4 protein chains.
Amino acid sequence: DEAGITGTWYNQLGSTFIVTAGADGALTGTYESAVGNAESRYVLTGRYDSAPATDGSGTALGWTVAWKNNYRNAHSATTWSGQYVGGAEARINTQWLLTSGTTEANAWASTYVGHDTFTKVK
Amino acid sequence: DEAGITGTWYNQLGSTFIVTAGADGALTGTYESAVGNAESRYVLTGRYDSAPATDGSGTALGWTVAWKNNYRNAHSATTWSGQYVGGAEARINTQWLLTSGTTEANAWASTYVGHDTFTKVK
Amino acid sequence: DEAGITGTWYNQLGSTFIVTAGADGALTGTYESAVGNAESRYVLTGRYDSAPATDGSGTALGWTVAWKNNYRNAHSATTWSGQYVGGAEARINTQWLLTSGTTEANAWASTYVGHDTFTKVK
Amino acid sequence: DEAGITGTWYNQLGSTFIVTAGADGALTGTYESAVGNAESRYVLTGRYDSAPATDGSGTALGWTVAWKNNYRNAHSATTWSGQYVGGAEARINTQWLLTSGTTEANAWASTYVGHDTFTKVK
């Protein structure tokens, strides 16, 4: 599913995920968040299963954005872990962890958890 | 903290995380899990905050491993999201999400969550 | 929102959440999972914010089910943490953690994470 | 493990978890957080597996605190999901989800995730 994953994806917040899937399992591209302490595009990288099961299962994948670019630095990183599901209404269904750099006293509150669903439309 | 992060790290399970931190925010290297459906080294990639706060806060980072190599394919991916804390007993404190490729009927059970602490010793 | 929360709720899997909200912040009732190692109803208990903000924010709440009843014992417990949002299309938006009893060797894989959205219809 | 679980527990932050395990699977008691927007004791309730496996596995359990008492209201709830491990150095190993009541615009950032380990000492 190199073909299936590569391209522009959109989540329920209106964020834009632009990815290229490599034959080797690499994910590279850019992320633009519609929310939070974010402006414009941020580098992403990640990995995907380049030889998924042929029993109708999804394709496992994940990627990271560190929220620093030329405009802003939110001193934080998000990882998305999920699976690509192909077909007429292709989706990437994810859960994510957003960690901030914190002092040791605040480290208990360093990490948000959430879920994003990406589609090829909207 | 390019210097601080780059090198060999070990978690509480005895897994080995070998990383290079790029001046640009890139993380590249290899991961070897002491547990699960895993053998030998797997590619990782990720990102880190290359200009962290100077108020004693940690450095945010994350990375992904897709559990396919020349030996095995576990049809799964783990993302670690966390922060690097420098000093005499440097640590990377993480939480992680492990997603399997699943059928739609099993997708509710696709994702494990856990936490790993990495040190430069053991 | 004692009135708003009390009643029968349904999630996207077709599970049924039957709850009573107490004036004191208590949640009591029963849960029936449409999936997994589950049959019929299981006891639940939990808590909710009985004096929520009046600025349009949701109402925080959570509850637990241990997956033992007279029929089955899945040696596991799920906690849902979320917020109630009132109005024409009332919802309870949750994330959940499902922990199994494990041996120490398997404890890294003890916990699933997911998300459920409950509505008053279907 | 009604006997094993019932009593006073302490986590790595110095919080105090006071619980009674019922023969029926109920957990009742009080929680006092050493951190966050919290003062004094808060009601908790939860559930545990009252007939765990006899193969050396832990005992699954969970509980909820809504962060309202006579002193403060943090408009939030935490759920802990985990397992009790008996013996000389008994532990309750948990992961937790802390949800705030939010506006719909902030709901993506409503939930923290973390992990607490409880012991009978300190």
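Method of structure determination, per the deposited record: X-ray crystallography was used for this entry, reaching 1.3000 Å resolution.

Going by the annotation in the PDB entry, the name recorded for chain A is Streptavidin, with Streptomyces avidinii given as the source organism. Its UniProt record, at the heading Subcellular location, says of chain A: "Secreted". We quote the UniProt Sequence similarities comment for chain A here in full: "Belongs to the avidin/streptavidin family."

A. How the structure looks around the relation of the copies chain D and chain C. Of the transformation placing chain D onto chain C, the axial shift is 0.0 Å and the rotation is 180°, giving an RMSD of 0.0 Å. Classification of the inter-copy transformation places it as that of a two-fold axis. The residues that chain D uses at the interface reappear at the interface of chain C in 100% of cases, marking a shared surface.

B. Representation of the relation of the copies chain B and chain A. Expressed as a screw transformation, the operator carrying chain B onto chain A has a rotation angle of 180° and an axial translation of 0.0 Å, and the superposed copies differ by an RMSD of 0.0 Å. A share of 100% of the interface residues of chain B reappears at the interface of chain A, consistent with the copies meeting face to face through the same patch.

C. Molecular detail of the interface of chain D and chain C. Listed as interface residues are 45 residues of chain D and, on the opposing side, 45 residues of chain C. Overall, the association of chain D and chain C removes approximately 3,000 Å² of surface from exposure, summing both partners, and the carbon and sulfur fraction of that is 57%. Along the contact surface separating chain D from chain C lie zero salt bridges. At the level of secondary structure, the elements contributing two or more residues to the side of chain D that touches chain C comprise β4 (42-48), β5 (59-68), β6 (73-85) and β7 (91-100) of chain D. A per-element tally of the side of chain D that touches chain C places β6(D) first, with ten residues. Of the residues contributing to the side of chain D that touches chain C, the split by class is 17 nonpolar, 23 polar and five charged.

D. Highlighting the interface of chain B and chain A. Contacts between the two partners involve 45 residues from chain B, matched on the other side by 45 residues from chain A. Overall, the association of chain B and chain A removes approximately 3,000 Å² of surface from exposure, summing both partners, and the carbon and sulfur fraction of that is 57%. In terms of surface lost to chain A, no three residues of chain B exceed B:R47, B:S81 and B:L97, which account for 18% of the buried area on that side. For the pair chain B and chain A, the interface holds 24 residue pairs in polar contact. Elements that contribute at least two residues to the side of chain B that touches chain A include exactly β4 (42-48), β5 (59-68), β6 (73-85) and β7 (91-100) of chain B. Taken together, the residues of the side of chain B that touches chain A sort by class into 17 nonpolar, 23 polar and five charged.

Criteria and cut-off values
Residues numbered from 1 in each chain as written, not as in the entry; some residues may be left out. Chains lettered and ligands numbered in written order. Heavy atoms only, no water. UniProt positions renumbered as here; feature names shortened; annotations may be inferred. Least-squares fit on C-alpha atoms. Contact = heavy atoms within 4.5 Å. Buried area = accessible area lost by both parts, 1.4 Å probe. Salt bridge = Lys/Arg side-chain N within 4 Å of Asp/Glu carboxyl O. Helix = DSSP H or I, 4+ residues; strand = E, 2+ residues; numbered from the N terminus. Nonpolar A, V, L, I, M, F, W, Y, C, P; charged D, E, K, R; others polar. Polar contact = N/O pair within 3.5 Å; in protein donor to acceptor, adjacent residues only side chain to side chain.

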